[PDB]
Each structure stands twice: as structure tokens, then as C-alpha cells.
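Below is one structure; the comments refer to it alone.
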Amino acid sequence: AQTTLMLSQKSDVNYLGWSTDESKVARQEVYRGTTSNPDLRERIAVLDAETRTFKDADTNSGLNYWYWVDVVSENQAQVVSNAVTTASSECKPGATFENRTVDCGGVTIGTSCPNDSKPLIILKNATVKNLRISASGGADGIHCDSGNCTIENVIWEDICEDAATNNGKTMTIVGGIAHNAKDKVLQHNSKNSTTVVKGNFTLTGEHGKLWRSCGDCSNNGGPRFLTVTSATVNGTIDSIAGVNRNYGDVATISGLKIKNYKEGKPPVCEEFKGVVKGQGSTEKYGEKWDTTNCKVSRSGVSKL
Ligand SMILES: O=C(O)[C@H]1O[C@H](O[C@@H]2[C@H](O)[C@@H](O)[C@@H](O[C@@H]3[C@H](O)[C@@H](O)[C@@H](O[C@@H]4[C@H](O)[C@@H](O)[C@@H](O)O[C@@H]4C(=O)O)O[C@@H]3C(=O)O)O[C@@H]2C(=O)O)[C@H](O)[C@@H](O)[C@H]1O
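Here's what the structure looks like:
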């Protein structure tokens with residue numbers, strides 16, 4: 020197998036994002052050192068088998084750091100990633127991948143962020162992994178335009194418009210770090233489709249919503265589904281999910297951690313009235329728990 024590791028430095032905190040193709044994961048260990056020498060690294064954490072991200076806030080600046088992540092299987096096999104520090119050619123803006131998995135090997139891409147009224154990567158029943166979207170060249174992020182798409186270990190240094198848009202059947206977010214400065225992270229426009237969030241997808245900075253079933257799209261309708269099983273918001277966010285109840289949307293949220301979380305701060309699942317473009321405006325009903333459209337108990341959300 021293989022483990023590909025990437026690092027994002029935001030607000031004096033080091034965020035690690037990795038993808039692994041190991042099958043029966045038992046645990047994952049994070050190693051950190053003050054030099055390049057792997058032999059001098061030390062275990063600063065032993066994590067569970069599902070997370071694909073890690074936050075190291077116990078670092079002092081002025082000092083460079085090297086990181087490695089060791090993915091261990093049930094058969095105790097150890098798949099150590101490449102080193103990342105604070106010190118393929120197919121992944122370029124405007125690219126379209128179809129019916130395959132493209133490993134971007136941790137490269138950075140971007141164009142620019144327009145000022146008016151443009152997808153960076155379009156996936157048609159495909160998967161993209163180990164990709165970093167630059168701070169200025171975000172455009173309209175990643176578009177899943179058909180079939181099942183997986184966006185694995187993608188780091189958004191900043192979000193220009195939308196981080197990822199589900200215009201397909203199923204959009205799965207596995208791990209990844211999404212940063213934004215003052223917004224829509226996951227935009228869902230297709231109908232009879234699902235958006236899955238796991239691998240502890242992490243949002244940092246300032247955000248609007250983690251996920252929003254389009255409220256006023258042209259030819260709007262539903263149903264649209266969201267299933268969050270693992271995610272973390274280490275910053276401020278207006279709300280987590282926005283469902284159109286009149287359209288049959290269902291948001292199921294568990295395994296979510298939020299920095300300084302408190303009832304209504306921020307609201308998690310909110311119900312709206314969806315409208316067709318031009319035929320009115322979208323009104324917010326409010327935050328809801330354990331309803332037909334908002335399937336999330338207070339047990340599924342906790343303070344980071
Ligand atoms: O004509 C189209 O179909 C259009 O689709 C894409 O754009 C999407 C929406 O059509 C567009 O109006 C916008 O919508 C978002 C959000 O999804 C929508 O619910 C609404 O959000 C309101 C409020 O305006 C926001 O500021 C915030 O407070 O949230 C509110 C809410 O009810 O949740 O308006 C939003 C917005 O204006 O950005 O973006 C949608 C998107 O997928 O990005 C295409 O991008 C567009 O070109 C066109 O094809």
C-alpha cells in the first residue's frame with residue numbers, strides 16, 4: 020500500500036491530511052521531528068482507524084517541523100507516508127477526469143478568483162486525491178458532474194466560490210482540510233443524489249455552511265441527501281447543513297466536532313423552503329433536531 024501526506028499551516032496550527040489505500044486499518048500514528056532525520060522523529064499521537072486528518076496545535080514557531088503518518092493494518096503491517104515539513119502532470123486547472131482515480135501526489139494548482147457573476154477540476158464518476166488548491170486560484174472548486182465521485186485528501190488553502198459541487202449521483206468527501214477567510225463548502229445541486237462526509241473532513245477559518253442543498257437553483261427540487269459521519273470545524277461557521285424540507289431533503293449528521301460548540305452556536309441542521317429561481321425567495325425555518333428532514337441528535341455533535 021501507500022500513504023500520501025500533505026501539510027497545511029493555518030493560524031499557528033499544523034493541519035495534516037493524508038490518504039491511504041491500506042485495507043484493514045487498525046490505527047494511525049503521527050510522528051514529528053525537529054529535523055529531516057526520520058530516525059529522530061517521535062510519536063506525538065496514536066489515532067483511530069477512520070480519521071484522515073490531524074491537528075497539531077502544540078508547536079512553537081521559529082522551529083521547523085517534519086511529519087510522518089504511519090498507517091497500521093490489523094496484521095500489524097506498517098505503511099508510513101512521505102515526510103512533509105513547515106520549511118502527476120495531469121492535475122491542472124480545467125482538467126476533467128472520468129472513470130478512474132487520479133492521484134495528484136500532493137501538488138498545488140490554481141488559477142485565480144474572478145470578481146463577477151469556472152470549475153478547477155471536473156469529475157465524471159471519478160476520484161481525485163492528494164491535491165492542494167492555492168490561496169488565490171480557487172475558482173469554483175471541484176465539480177462532480179455525473180456518477181459517483183470521491184474527493185480524497187484535498188486541501189483548500191482558501192475557498193473562492195464553492196469548494197466542491199455535487200451535480201452528480203454521489204459525492205464522497207474523504208478527509209481533506211478546507212480553509213477559508215472572510223461562503224459555501226459543499227454545494228448540492230443535483231437531485232436524487234447524496235453527499236457523504238467522512239475521514240474527519242476539517243474546516244478551518246471562517247465559513248458559511250458546510251453543506252447546502254441549493255435553495256434557489258434554476259429547476260430546483262429534490263430530494264437531496266447529506267450524510268456526515270466524521271468531520272471537524274476548527275473555526276467559525278454560520279451553520280452546518282441547509283435542507284429544503286418542502287423538497288424532501290434529508291441531512292443525517294453524526295461524528296461532528298465543533299470548536300467551542302454550544303447549543304445554537306453554531307446551528308447545525310436548518311430547514312428552509314426551497315424555491316425555483318425567479319419564483320420567490322428562500323426562507324429559513326430554523327435549527328431542528330430529530331425531524332424528518334434533519335436526522336441529527338445532540339448526541340451526534342460535540343465540542344472539539
Ligand atoms: O441558475 C442556477 O441554477 C445556478 O446554479 C449555480 O448556482 C447556485 C444557485 O443557483 C445560486 O443562486 C447560488 O445559491 C447559493 C445557495 O445555494 C442558495 O440557497 C442561496 O443562499 C442564500 C443566500 O443567498 C446566501 O448568501 C446564504 O445566506 O445562504 C442562503 C441560503 O438560503 O442558504 O444563494 C446562494 C448564493 O447566491 O451564492 O449558488 C449556487 C451554487 O451552486 O453555487 C451555478 O453556479 C450558477 O451559475 C447557476 O447555474
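Residue numbers (the deposited numbering): 20 to 106, 118 to 147, 151 to 215, 223 to 344. All C-beta atoms in this analysis are idealised placements derived from N, C-alpha and C, irrespective of residue type, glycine included.
Once DSSP output is grouped into helix, strand and coil, what is the label at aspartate 178?
In the structure shown, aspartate 178 sits in a strand (DSSP, three-state: E or B).
Considering only heavy atoms of ligand 1, does any lie closer than 7 Å to the CB of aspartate 146?
No, since every heavy atom of ligand 1 falls outside the 7 Å radius drawn around the Cβ of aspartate 146.
Is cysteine 254 near ligand 1, with its Cβ less than 7 Å from a heavy atom?
Yes.
Tell me whether the segment 84-104 and the segment 140-147 touch, counting them as touching only if at least three CB pairs, one residue from each stretch, are closer than 8 Å.
With the cut-off at 8 Å, the segment 84-104 and the segment 140-147 do not touch.
Between the segment 288-295 and the segment 326-339, can you find at least three pairs of beta-carbon atoms closer than 8 Å?
They touch, by the three-pair rule.
Less than 7 Å between the CB of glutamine 227 and some heavy atom of ligand 1, yes or no?
Yes; taking the cut-off as 7 Å, the Cβ of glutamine 227 has a heavy atom of ligand 1 nearer than that.
For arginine 165, count neighbouring C-beta atoms within 10 Å of its own C-beta (all shown protein chains included) and say buried if the count is 16 or more, exposed if not.
Buried is the call here.
Between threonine 276 and ligand 1, is there a pair consisting of the residue's CB and a ligand heavy atom that are separated by less than 7 Å?
Because no heavy atom of ligand 1 lies under 7 Å away, the Cβ of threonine 276 does not count as near it: no.
Between the C-alpha atoms of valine 273 and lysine 343, what's the straight-line distance to the nearest angstrom?
Rounded to the nearest angstrom, the two C-alpha atoms are 10 Å apart.
Taking the beta strand (DSSP E) that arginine 62 belongs to, which residues open and close that run?
Note, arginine 62: beta strand (DSSP E), 61-66.
Determine, using beta carbons only, whether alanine 172 and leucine 156 come nearer to each other than 8 Å.
No, they are not a contact pair.
Is any non-hydrogen atom of ligand 1 found closer than 7 Å to the C-beta of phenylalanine 241, if you look at the structure I gave you?
Incorrect: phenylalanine 241 has no Cβ contact closer than 7 Å to ligand 1.
Indicate the three-state DSSP secondary structure (helix, strand or coil) for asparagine 199 in the structure shown.
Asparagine 199 falls in the strand class under three-state DSSP.
On a CA-only basis, which of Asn199, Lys317, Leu243, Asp256 is nearest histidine 176? Give me that one, please.
Nearest C-alpha to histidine 176: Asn199.
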